[PDB]
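Novice: Can you look at this? It's an experimental structure, sequence on top.
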Amino acid sequence: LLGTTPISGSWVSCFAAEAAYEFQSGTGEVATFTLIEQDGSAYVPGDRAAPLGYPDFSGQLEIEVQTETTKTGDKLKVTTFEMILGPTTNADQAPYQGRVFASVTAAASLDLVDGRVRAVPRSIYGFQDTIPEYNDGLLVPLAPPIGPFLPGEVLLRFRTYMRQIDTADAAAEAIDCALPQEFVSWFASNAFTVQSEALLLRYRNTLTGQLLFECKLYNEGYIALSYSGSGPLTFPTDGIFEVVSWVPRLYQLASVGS
Amino acid sequence: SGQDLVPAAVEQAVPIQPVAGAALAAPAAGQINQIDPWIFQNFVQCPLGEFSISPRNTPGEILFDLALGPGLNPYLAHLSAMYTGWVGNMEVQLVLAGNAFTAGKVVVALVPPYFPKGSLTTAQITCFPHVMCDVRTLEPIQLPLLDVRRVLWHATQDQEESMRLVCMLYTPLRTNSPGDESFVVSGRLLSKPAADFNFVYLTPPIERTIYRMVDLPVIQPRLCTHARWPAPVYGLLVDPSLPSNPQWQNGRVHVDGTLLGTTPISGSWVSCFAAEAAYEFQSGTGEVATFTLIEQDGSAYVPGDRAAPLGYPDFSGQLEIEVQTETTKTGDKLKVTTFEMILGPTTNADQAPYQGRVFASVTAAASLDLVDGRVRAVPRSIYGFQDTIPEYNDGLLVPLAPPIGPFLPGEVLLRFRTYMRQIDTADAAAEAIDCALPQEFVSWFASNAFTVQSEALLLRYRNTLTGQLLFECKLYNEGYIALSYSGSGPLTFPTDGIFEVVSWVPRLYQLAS
Amino acid sequence: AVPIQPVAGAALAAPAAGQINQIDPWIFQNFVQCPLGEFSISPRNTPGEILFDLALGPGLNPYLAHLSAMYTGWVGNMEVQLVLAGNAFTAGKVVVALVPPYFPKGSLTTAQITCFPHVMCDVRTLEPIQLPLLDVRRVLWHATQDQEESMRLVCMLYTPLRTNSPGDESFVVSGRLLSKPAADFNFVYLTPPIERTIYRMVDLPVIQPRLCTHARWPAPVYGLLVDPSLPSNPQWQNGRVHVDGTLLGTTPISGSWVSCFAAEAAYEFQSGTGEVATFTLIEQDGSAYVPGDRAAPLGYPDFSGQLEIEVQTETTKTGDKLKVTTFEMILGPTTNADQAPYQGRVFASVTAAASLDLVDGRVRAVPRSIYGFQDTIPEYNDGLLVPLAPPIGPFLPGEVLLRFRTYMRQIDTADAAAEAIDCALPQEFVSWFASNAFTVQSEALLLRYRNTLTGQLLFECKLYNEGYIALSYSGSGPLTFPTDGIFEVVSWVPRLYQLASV
Ligand SMILES: C[C@H](CCC(=O)NCCS(=O)(=O)O)[C@H]1CC[C@H]2[C@@H]3[C@H](O)C[C@@H]4C[C@H](O)CC[C@]4(C)[C@H]3C[C@H](O)[C@]12C
Ligand SMILES: C[C@H](CCC(=O)NCCS(=O)(=O)O)[C@H]1CC[C@H]2[C@@H]3[C@H](O)C[C@@H]4C[C@H](O)CC[C@]4(C)[C@H]3C[C@H](O)[C@]12C
Ligand SMILES: C[C@H](CCC(=O)NCCS(=O)(=O)O)[C@H]1CC[C@H]2[C@@H]3[C@H](O)C[C@@H]4C[C@H](O)CC[C@]4(C)[C@H]3C[C@H](O)[C@]12C
């Protein structure tokens, strides 16, 4: 694995922490989360830039927590909070160090206990694909950029649409990844060798055996595709990638036609 | 060492002539094909080569039943991906060397081809060339396995009619030993090709063959995801004071790949659904969001052999969810909301997800108008969790997946436990939902579609920090795991070690407690 | 017996070695025991257990492990024999297989052990199973001073053990492996004998613990004891070392560096609670300190409380020049402290009423006492990262740490009972293990506390190769031992080796 990538498809873009609740009447509940590993183990700062699975996109984030309270009429409850992932140039958030601050718009002083929590993404405001604040203002270790490519190759992107709080626009907030789950698992479960610099995949539709395209899965876990067009070009998502061979770095893919 | 046992069951003159191996199929294949002369030199244990005779077995039970083939050798089951054909005999050793106090006899027959499969009672297993061997014999019992065949060679695809080798518990197993324990003689099977075994026609070596015993992922069962609720796994355990044969619907998959009921492959469909919404505001219950259900990948839902779309919450309770709805108010456009739909009958209902329609509702003061669209609802909380099947059709029967069973006397179910977010106004403990196999194994069997051999797989559970085998469980070919446990208090296991298959075992295989 | 060709030993390696050196012919006579070549099969074991796994070399024989410091190489086979201790009423098998000198690693299931050239031994055999251990190799000879890949013997429990058992013990079937050189073992080239070899067993200092020095607080050691009540898995940062000679965390070589720091004097007066000095930490040897792997400079205290360094104060005020004042330092969080030794800055505060005209220079600090001492990690950073040594574990079921308690100078206002700090290894072992740099063989030593005057054991403890001692205790009351004995290494054991209850 590289960066903060988890194995489970359920560790993604969430954290687990030992919460601490204090400004109980200024703005609401300002919770400080001492992050640990989601499997329960204690987080120790090494070469990953955050716990395993921590959200690496920038923007405000909503999280669902479990809140053991003390008031009569309710013992447990799910609570929404406010997370500030983006840089913002003023934020006491240091996921690399192990402390993360979230807040609630609350006029009262709903008091909770300091038990453990498994937070969950709910909705992102002002989404933006760029490295969030990992330290408070300082540099961290993190995975290298996704490159390089031969002259003529673009990056094949997998595209999913998220939940977004939006005041004006009404379009879908597309986020893009290199490999989906079931590919990050199925790696790191059976450990393959490499024997060369890329894999020549062959995407073809399971009906009629039509050949959609032919891509290079570079050994760093991302797919390049020799596309010389200008705008986007979407493919159907009901085919099956099939490994054809290992190809050197210089191999020249057949162009795809927009 | 003592010789109050049976010296050797030296293979009686079984009434059978010698059978030709590769000398008949040699002028009919267009290749000269030989296999390593060192594979014929040692007896290695079969892939299906592990059985056990307990005293709870009755005369007539079939201990092992293995057709002559290349599936009788780990060496030749691997070499038989490159070839299309085989011929020849095999030599099988049978290792039962039970205690000095046990008593009983097994009888190993030589069933010819085309003999109807099925019952094979104890009165008729002796009419075949057989060997009656005591379960105390010290030295292994070499017994042949001839290639009686109608044709020149067999194709390496199991639809062949080939000579079986059935073993049957002839007299029951008892023990003289004066103390409070009946030993469980556990035999093994070793095999090696005879002098003229031979494969036929080199072909491309494909991994997805009828051999190639099941593999499991090397991932700890605490990094795995759950198959009934979107969360990690927080500990596997065995509990005898629970519903023993439950009728869950998610995370239930055969070993040969075919999913069962409402189970998805993707781990983000579980407990979620995708529908087309219609919101209607009421002065009472607030909105009444009618959802017409489609599949989570886009295709429409036609009610067939599944009691609900793939991934519908298969339990009963009060599920509060999250949908991104578009409003008509000016100032904001997109908003994630929280409706609250029932699943338990609650003495009154209107939803029938078998027909493709559910009814959520939220209580709000204003006449909250929303842009009627299509949404993906994911769970957020559960209030009053009940581990029972909901009403998929209103009160009508639905096509369901069978309840998880049956187990041998003594075998409890191994449950993977995870805690869901709950709304308890008085209770303070944790609600726990249990699955049979995590979603990481359902996504692993769907993608490989193995060829199950008999009825179940031995497993282990190897610790990863100490290399210590904690227990051996039995994965039944219907995708659940039974382990022997006679205790009363719920026993819990470390969640670090990884599983690992061992062999195929029949249903009668008695485990170690 | 076994399906292997005969493997040429010293006849393939002869035309390319300067010499082929013979061995005393009385060494090919005795079967001497192999280190780690012992097991025990209880009736609770599942088939698949790996009972032993040992690699052909000269480390299997005490004669050859010692002869193999005079030479450069070796070649040839060995003869091993497995003895099993079971009567006529047991039942179970054990498969002994010859694993080639590659074939990487992992859980060998019992399906796969029968695929090597093997031997399947019933538990109730009489005479010892003899089997070869051939030298399959890619090269002509082997080098004695460099562990390489050679043929293994792996033993596995094939079918489980079926016996009766009275009430205690539970009838384990024991087994022991004993080896000797085959007729064509040879060493290669006579060199001058070296002492820092790799088949050199871990020896311990002959020093009673009462004469030792503590590792976390600079004082003598006043009592070694077990105590199932305290935190069973602490995370101390001083007195951590690896038996292979690697210092873990902020453990220093010397005992003068313990609970101490050499700092930069940055003095300035303030009219609040007194004088406050900010210290820019450095390594006490005088080398420039940079934030690295350790959670603090080497030796910085690892407890939590109110510590009071002394000085290096040069006062230019007339009357006196060099004095010894007592500062004060807070180690616990207290929710108001800029305590970050990690980055190289600490805050010290003395309660003075006037200005102390102190020159800025280079000081070093000595603890005086502690107020409110808690066995808990201090603030190496404010609330931030700390790359630190892991906790001290894990232990088997029913094993508790063996602590070397000393008593530190307590400033108290409510009682007088002396408080006990404690470490896992006195500061003599931390220097011994680093100065020798042994070679860890398996997983855990097997010490033996004896009395030098009387000559009788006190207990059998277990030094894990991670630098702490465990001990199989059953009861619950703190049981204190005499502090006048000697630790004696017996042999290497596995992790799962079960001690004798103290
Ligand atoms: C209050 C938690 C129950 C909620 C939950 O488990 N998942 C909700 C997310 S989702 O909507 O189902 O997607 C409990 C159940 C299991 C707990 C965890 C488990 O106790 C394991 C670790 C270890 C420590 O207890 C503390 C952190 C922890 C990680 C715990 C956090 C938290 O106390 C958890 C997560
Ligand atoms: C409701 C979706 C937009 C909001 C969103 O991105 N997420 C909401 C919850 S989640 O984060 O997806 O978990 C919309 C945008 C993308 C849509 C999907 C896409 O249009 C693809 C297919 C198209 C089919 O006609 C309908 C189902 C569908 C599978 C759509 C379902 C659903 O209407 C989706 C998912
Ligand atoms: C302030 C030091 C005097 C010794 C002292 O104050 N106490 C010793 C006992 S205790 O621990 O305080 O308990 C002086 C005398 C020896 C000096 C050191 C020595 O001169 C060695 C190096 C020399 C470098 O030029 C500067 C740093 C240094 C490391 C010096 C630091 C500091 O000036 C020291 C340490």
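Specialist: Structure received. Numbers count the residues shown, from 1 in each chain, chains lettered A, B, ... in the order given. Ligands and ions are numbered 1, 2, ... in the order given.

Novice: Next, the contact list for residue B:179, please.
Specialist: Applying C-beta atoms under 8 Å, 6 or more residues apart in numbering or on different chains to residue B:179 gives the contacts residue C:164. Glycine gets a C-beta too; all of them are placed from N, C-alpha and C.

Novice: domain ranges for the chain?
Specialist: Let's take chain A. A:1-11+A:126-258, A:12-125 (curated CATH domains).

Novice: my bad, the chain I had in mind was chain B
Specialist: If you go by curated CATH domains, chain B breaks into B:1-212, B:213-269+B:384-513, B:270-383.

Novice: want to throw those domains into TSV with distance to ligand 1?
Specialist: Output for these, formatted as TSV (distance: least, C-beta to the nearest ligand atom, whole Å):
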stretch	distance to ligand 1
domain B:1-212	35
domain B:213-269+B:384-513	4
domain B:270-383	7
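
Novice: Would you list the strands that the helix or strand hosting residue A:200 pairs with, along with their directions?
Specialist: If you go by DSSP states H and E, residue A:200 is part of strand A:198-201. Under the criterion DSSP bridges, strand A:198-201 sits next to strand A:216-218 (antiparallel), strand A:243-247 (antiparallel) in its sheet.

Novice: follow-up on the earlier one: okay if I get the domains of chain B as a markdown table plus distance to residue C:58?
Specialist: Below are those laid out as a markdown table (distance: least, C-beta to C-beta, whole Å):
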| stretch | distance to residue C:58 |
| --- | --- |
| domain B:1-212 | 29 |
| domain B:213-269+B:384-513 | 26 |
| domain B:270-383 | 58 |
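
Novice: Helices along chain B, start to end?
Specialist: Secondary structure of chain B (DSSP state H): helices at B:76-79, B:439-445.

Novice: Mind telling me which residue of the stretch 101-250 of chain A is nearest ligand 3?
Specialist: residue A:138 (29.3 Å; C-beta to the nearest ligand atom).

Novice: Which stretch among the domains of chain B approaches ligand 3 most closely?
Specialist: Proximity to ligand 3, assessed across these by C-beta to the nearest ligand atom, is greatest for domain B:213-269+B:384-513 (41.6 Å).

Novice: quick one: is that closest one near ligand 2?
Specialist: No: with C-beta under 6 Å from any ligand atom as the criterion, ligand 2 is not reached by domain B:213-269+B:384-513; the gap is at least 7.3 Å.

Novice: Quick one: end-to-end length of that domain, please.
Specialist: 25 Å (C-alpha to C-alpha, to the nearest Å).

Novice: what does stretch B:415-427 give?
Specialist: 23 Å.

Novice: In it, which residues are buried?
Specialist: By 16 or more other C-beta atoms under 10 Å in any protein chain shown, the buried positions in stretch B:415-427 come out as B:415, B:416, B:417, B:418, B:419, B:420, B:421, B:422, B:423, B:424.

Novice: Which ones, among the residues you listed, also lie beside chain A?
Specialist: By C-beta under 8 Å from any C-beta of the partner chain, the members of the buried residues of stretch B:415-427 lying near chain A are B:421, B:422, B:423, B:424.

Novice: of all the residues you listed, which comes closest to residue A:152?
Specialist: For these, the closest approach to residue A:152 (C-beta to C-beta) belongs to residue B:421, at 49.0 Å.

Novice: Quick check on that closest one: phi, psi?
Specialist: phi -70, psi 130 (degrees, to the nearest 10).

Novice: ok, so what distance separates it from residue B:232?
Specialist: 13 Å (C-beta to C-beta, to the nearest Å).

Novice: Nearest to chain C within chain B, name that residue for me.
Specialist: As assessed by C-beta to the nearest C-beta, chain C sits closest to residue B:2 within chain B, at 2.9 Å.

Novice: if I pick that residue, what's in contact with it?
Specialist: B:100, C:87, C:88, C:89, C:124.

Novice: Check the residues you listed and tell me the two furthest apart.
Specialist: Across the contacts of residue B:2 (C-beta to C-beta), the longest gap, 9.7 Å, separates B:100 and C:87.

Novice: With mean neighbour count added, can I get the domains of chain A in JSON lines?
Specialist: Shown next, in JSON lines, are those (neighbours: other C-beta atoms under 10 Å in any protein chain shown):
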{"stretch": "domain A:1-11+A:126-258", "mean neighbour count": "15"}
{"stretch": "domain A:12-125", "mean neighbour count": "18"}
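
Novice: Mind checking those for the one nearest to ligand 2?
Specialist: Of these, nearest to ligand 2 by C-beta to the nearest ligand atom is domain A:1-11+A:126-258, at 3.2 Å.

Novice: need the residues of the stretch 301-450 of chain B near chain A, please.
Specialist: Counting by C-beta under 8 Å from any C-beta, the stretch 301-450 of chain B sits next to chain A at B:320, B:322, B:324, B:326, B:331-336, B:380-381, B:421-428, B:439-440, B:443, B:447.

Novice: and the stretch 151-258 of chain A, which of its residues are near chain B?
Specialist: Counting by C-beta under 8 Å from any C-beta, the residues of the stretch 151-258 of chain A near chain B are A:163-170, A:181-182, A:185-186, A:188-190.

Novice: Please repeat the previous calculation with a cut-off of 10 Å.
Specialist: Counting by C-beta under 10 Å from any C-beta of the partner chain, the stretch 151-258 of chain A comes close to chain B at A:160-173, A:180-182, A:185-186, A:188-191, A:237-238.

Novice: For the stretch 51-200 of chain A, which segments count as helices?
Specialist: Using DSSP state H, counting those that start in this stretch, the stretch 51-200 of chain A contains no helices.

Novice: Indicate the residue of it located nearest to chain C.
Specialist: Closest point on the stretch 51-200 of chain A to chain C, by C-beta to the nearest C-beta, is residue A:97, at 4.2 Å.

Novice: dump the residue contacts of that residue.
Specialist: Going by C-beta atoms under 10 Å, 6 or more residues apart in numbering or on different chains, residue A:97 touches A:34-35, A:43, A:45, A:50, A:134-136, A:138, A:140, C:381-386.

Novice: phi, psi of it?
Specialist: Dihedral angles (degrees, to the nearest 10) for residue A:97: phi -80, psi -30.

Novice: how close does it sit to residue A:42?
Specialist: Distance from residue A:97 to residue A:42, counting by C-beta to C-beta: 14 Å.
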